[PDB]
J.: 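Once you've had a glance at the structure underneath, I'll fire off some questions.
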Amino acid sequence: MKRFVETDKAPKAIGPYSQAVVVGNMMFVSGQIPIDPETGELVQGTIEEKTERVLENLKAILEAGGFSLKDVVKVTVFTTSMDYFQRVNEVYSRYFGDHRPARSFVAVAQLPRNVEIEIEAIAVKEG
Amino acid sequence: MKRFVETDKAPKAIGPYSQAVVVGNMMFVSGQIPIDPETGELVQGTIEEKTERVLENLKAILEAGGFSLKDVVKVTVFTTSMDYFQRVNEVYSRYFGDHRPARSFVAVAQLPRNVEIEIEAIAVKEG
Amino acid sequence: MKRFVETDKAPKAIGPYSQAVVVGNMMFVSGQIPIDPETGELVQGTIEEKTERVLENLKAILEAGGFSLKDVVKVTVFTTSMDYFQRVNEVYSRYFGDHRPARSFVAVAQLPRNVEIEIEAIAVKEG
């Protein structure tokens with residue numbers, strides 16, 4: 001294997017896991033929740049604001065390991081309700097509208113800290 | 001990175017995502033739901049008929065990018081109920097009975113368009 | 001592609017899937033549930049005991065294909081309740097506290113055999 005990503009620009013991986021793991025030209029990013037990296041608190045407001053935070057956390061992790069949003073190949077969005085699909089996609093498009101990685105969008109029963117949105121991703125670069 | 005897959009033989013990726021993304025010898029396919037690629041409507045009938053459509057969509061995407069079902073290494077089945085396990089496996093075996101990729105089968109709270117079955121996959125070819 | 005993993009030290013993959021699939025230097029492990037590989041029965045007791053069984057099954061599969069826990073890059077934990085987070089992490093740390101792979105921890109509606117914990121993983125080795 002090769003290296004782990006630790007950045008203060010995304011929430012600290014408190015437990016037995018890392019924000020991301022880089023092996024060769026591939027990065028595996030941990031599921032990001034709407035937590036502010038500096039205050040450690042949950043963003044409380046609209047689903048667009050929560051999705052913005054999640055994608056900002058994801059972006060910071062990619063960039064901390066030498067990756068970018070253009071390197072992302074597969075994304076998985078977890079939510080507590082499909083009612084958020086349209087609005088989540090609206091914010092999502094502002095990050096991946098040009099790039100367009102593969103994706104699955106599913107609604108689970110419950111997320112960490114009782115959040116409503118969580119997004120993980122796999123990225124690959126070079127060629 | 002390398003290339004994206006767009007085919008009329010699987011449902012059109014409407015939003016900010018692609019049906020699949022091919023990077024090197026790897027393909028990351030988006031979660032497929034029981035939608036007919038030509039009419040755009042949800043298959044309404046038995047769970048075998050819905051699983052058939054999902055796997056046909058998956059197969060079309062693989063084949064549109066130069067991949068096949070034999071290249072599939074990991075699959076993830078999402079459902080709304082585990083009651084469908086036996087019957088989903090029955091149809092699934094007709095596509096991957098010989099090949100036998102790694103798999104996770106989980107039941108979530110809700111899926112896009114309120115469907116009951118969704119299947120994503122990762123494929124790798126060559127050697 | 002390259003090879004499949006079959007070991008009596010993890011529960012037998014009964015249906016149309018394999019315990020894991022090794023392609024090149026990568027392994028894709030199937031979601032493991034708290035089943036005893038020898039008796040085929042569900043571990044019934046505390047969530048720590050169930051997590052131990054799941055991680056023991058995962059470990060056996062990795063080791064049967066020439067991989068180890070240090071090779072694991074991405075893990076996905078599925079549960080029926082987030083109430084188990086702290087205790088699952090406690091047992092999880094005893095397997096991946098040093099290594100620290102990327103991770104997502106989500107709570108779904110239902111799991112196979114009505115279990116409360118299921119863990120899948122991707123591993124990569126060499127360099």
Side-chain angles (χ1 to χ4, degrees), chain A residues 76 102 104-107, chain B residues 5 7-8 10-11 13 19-20 27-37 39-65 67-69 71-124, chain C residues 11 13-21 28 30-31 33 78 108-115 118 120:
Chain A
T76 298
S104 281
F105 201 122
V106 299
Chain B
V5 177
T7 178
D8 58 328
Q19 292 169 329
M27 174 178 290
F28 296 85
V29 183
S30 287
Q32 298 302 303
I33 57 172
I35 279 177
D36 188 287
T39 173
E41 284 190 316
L42 292 170
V43 168
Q44 203 180 32
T46 68
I47 197 63
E48 292 90 330
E49 292 175 348
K50 293 170 189 170
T51 305
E52 183 183 26
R53 187 64 275 173
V54 171
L55 294 168
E56 279 296 321
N57 291 342
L58 174 58
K59 185 177 181 180
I61 294 163
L62 290 158
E63 293 176 346
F67 284 69
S68 65
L69 298 166
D71 298 328
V72 175
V73 299
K74 179 59 175 66
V75 180
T76 298
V77 179
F78 301 101
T79 57
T80 48
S81 176
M82 284 299 170
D83 295 352
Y84 308 137
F85 186 79
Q86 278 64 31
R87 291 171 291 163
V88 167
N89 287 9
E90 187 174 12
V91 180
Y92 188 100
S93 298
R94 290 151 186 163
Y95 291 76
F96 306 101
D98 299 343
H99 314 299
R100 300 167 61 89
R103 190 181 69 174
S104 281
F105 201 122
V106 299
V108 303
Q110 178 175 32
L111 290 168
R113 305 281 287 277
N114 282 309
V115 302
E116 292 133 330
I117 181 70
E118 180 175 349
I119 306 175
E120 65 176 8
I122 296 170
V124 187
Chain C
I14 296 168
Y17 73 103
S18 301
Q19 292 169 329
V21 180
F28 296 85
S30 287
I33 57 172
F78 301 101
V108 303
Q110 178 175 32
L111 290 168
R113 305 281 287 277
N114 282 309
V115 302
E118 180 175 349
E120 65 176 8

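Numbered from 1 within each chain, the chains take letters A, B, ... in sequence-line order.
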J.: If I take atom CD from residue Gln86(B) and atom CD1 from residue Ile47(B), how far apart are they, to the nearest 0.5 angstrom?
T.: 12.5 Å
J.: Is any side-chain heavy atom of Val115(B) less than 4.5 Å from a side-chain heavy atom of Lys50(B)?
T.: no
J.: Identify the residue among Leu42(B), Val43(B), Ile35(B) that makes a side-chain contact (heavy atoms from CB on, under 4.5 Å) with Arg53(B).
T.: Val43(B)
J.: Under a 4.5 Å cut-off applied to non-hydrogen side-chain atoms, are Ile33(B) and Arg113(B) in contact?
T.: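 Yes, side chains in contact.
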J.: Which heavy atom in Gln19(B) sits nearest to a heavy atom in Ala13(B), and how many Å separate them?
T.: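 Heavy atoms of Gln19(B) and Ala13(B) come nearest at N-CB, 3.9 Å.
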J.: Let me confirm one number: the CZ-CD distance from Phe105(B) to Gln110(C), rounded to the nearest 0.5 Å.
T.: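 The CZ atom of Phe105(B) sits 10.5 Å away from the CD atom of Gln110(C).
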J.: Does any part of the side chain of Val75(B), heavy atoms only, come nearer than 4.5 Å to the side chain of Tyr92(B), both counted from C-beta?
T.: yes
J.: What are the two closest heavy atoms between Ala109(C) and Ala109(B), and how far apart are they?
T.: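 Between these two residues, the closest heavy atoms are CB-N, 4.1 Å.
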J.: Could you tell me which non-hydrogen atom of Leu58(B) sits nearest to which non-hydrogen atom of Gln32(B), and how far apart they are?
T.: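 Smallest heavy-atom distance, with atoms named: N-CG, 3.9 Å.
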J.: Is any side-chain heavy atom of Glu120(B) closer than 4.5 Å to one of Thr76(A)?
T.: yes
J.: If you measure from CG on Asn57(B) to CD on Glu52(B), what distance do you get to the nearest 0.5 Å?
T.: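 That separation rounds to 10.5 Å.
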J.: Could you check whether any side-chain heavy atom of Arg87(B) comes within less than 4.5 Å of a side-chain heavy atom of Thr51(B), counting everything from C-beta outward?
T.: no
J.: Working to the nearest 0.5 Å, report the span between CG of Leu69(B) and CZ of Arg94(B).
T.: 15.0 Å
J.: To the nearest 0.5 Å, what is the distance between CG (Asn89(B)) and OH (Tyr17(C))?
T.: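 Answer rounded to 0.5 Å: 8.5 Å.
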J.: Decide yes or no on side chain to side chain contact (heavy atoms under 4.5 Å, CB included) for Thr80(B) and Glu116(B), but give the supporting numbers first.
T.: CA-CA 5 Å; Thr80(B) 48; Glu116(B) 292 133 330; 3.4 Å; yes
J.: Given side chain to side chain contact (heavy atoms under 4.5 Å, CB included), test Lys74(B) with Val21(C) step by step and report yes or no.
T.: CA-CA 8 Å; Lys74(B) 179 59 175 66; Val21(C) 180; over 6 Å; no
J.: Rounded at 0.5 Å granularity, tell me how far OG in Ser93(B) sits from CG in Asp98(B).
T.: 10.0 Å
J.: Taking C-beta and beyond as the side chain, do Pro16(C) and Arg103(B) meet within less than 4.5 Å on heavy atoms?
T.: yes
J.: Provide the closest heavy-atom pair for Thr7(B) versus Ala60(B) in the form atom of the first, atom of the second, distance.
T.: CG2-O, 4.1 Å
J.: Compare every heavy atom of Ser104(B) with every heavy atom of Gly31(C), then report the nearest pair and how far apart it is.
T.: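 Closest pair (atom of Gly31(C), atom of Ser104(B), distance): N-OG, 3.1 Å.
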J.: Would you mind reporting whether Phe96(B) and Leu55(B) have side-chain heavy atoms less than 4.5 Å apart?
T.: yes
J.: Using every non-hydrogen atom in the two residues, find where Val29(B) and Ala102(A) come nearest and quote the distance to one decimal.
T.: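 Closest heavy-atom pair between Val29(B) and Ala102(A): C-CB, 4.5 Å.
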J.: Evaluate the criterion side chain to side chain contact (heavy atoms under 4.5 Å, CB included) for residue pair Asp71(B) and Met27(B); output intermediate values, then yes/no.
T.: CA-CA 9 Å; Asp71(B) 298 328; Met27(B) 174 178 290; over 6 Å; no
J.: Side chains of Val106(B) and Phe78(B), heavy atoms from C-beta outward: is any pair under 4.5 Å?
T.: yes
